[PDB]
Amino acid sequence: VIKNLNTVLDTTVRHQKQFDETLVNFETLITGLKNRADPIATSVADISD
Amino acid sequence: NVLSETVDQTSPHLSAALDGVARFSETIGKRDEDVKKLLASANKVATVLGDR
């Protein structure tokens, strides 16, 4: 457990700045999509129809 | 007298506790550098998680 958690944690730390940026970017993207989810879903349904 | 009776009572249940604590402590004590590096990496990752 200690060995493999060390491996995973150092891999995560190596990309720590990207790992911190991606959470905020994903949150912003998801919030922006949620603010218009209803038109998005309506439009996807209309495209399929 | 109190110390004598306490040592008399809790003596037969001592060697097992000593052996168990010795084994569990040696489980971590022979991995000191690994544990400290794990704690440092966990500090970095968990600080990133908590801030966001």
# chains A, B, ... in the order shown; residues from 1 in each chain; ligands from 1

$ interface_residues --of "chain B" --to "chain A" --cutoff "7 Å" --atoms "only C-alpha atoms" --output "number ranges by chain"
B: 38, 41-42, 44-45, 48

$ write_last_selection --atoms "C-alpha atoms" --output "CSV table (one decimal), in the first residue's frame"
chain,number,residue,atom,x,y,z
B,38,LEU,CA,4.2,9.5,1.4
B,41,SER,CA,3.2,13.9,-1.3
B,42,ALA,CA,-0.1,13.5,0.5
B,44,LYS,CA,0.8,18.4,-1.6
B,45,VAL,CA,-2.1,16.5,-3.1
B,48,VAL,CA,-4.5,21.0,-3.8

$ select_by_dssp --residues "chain B" --states "helix (DSSP H, G or I)" --output "ChimeraX atom specification"
/B:2-9,15-29,32-51

$ atom_distance --atom1 "CA of residue 1 in chain A" --atom2 "CA of residue 30 in chain B"
14.4 Å

$ atom_distance --atom1 "CA of residue 26 in chain A" --atom2 "CA of residue 52 in chain B"
11.4 Å

$ atom_distance --atom1 "CA of residue 32 in chain A" --atom2 "CA of residue 49 in chain B"
21.6 Å
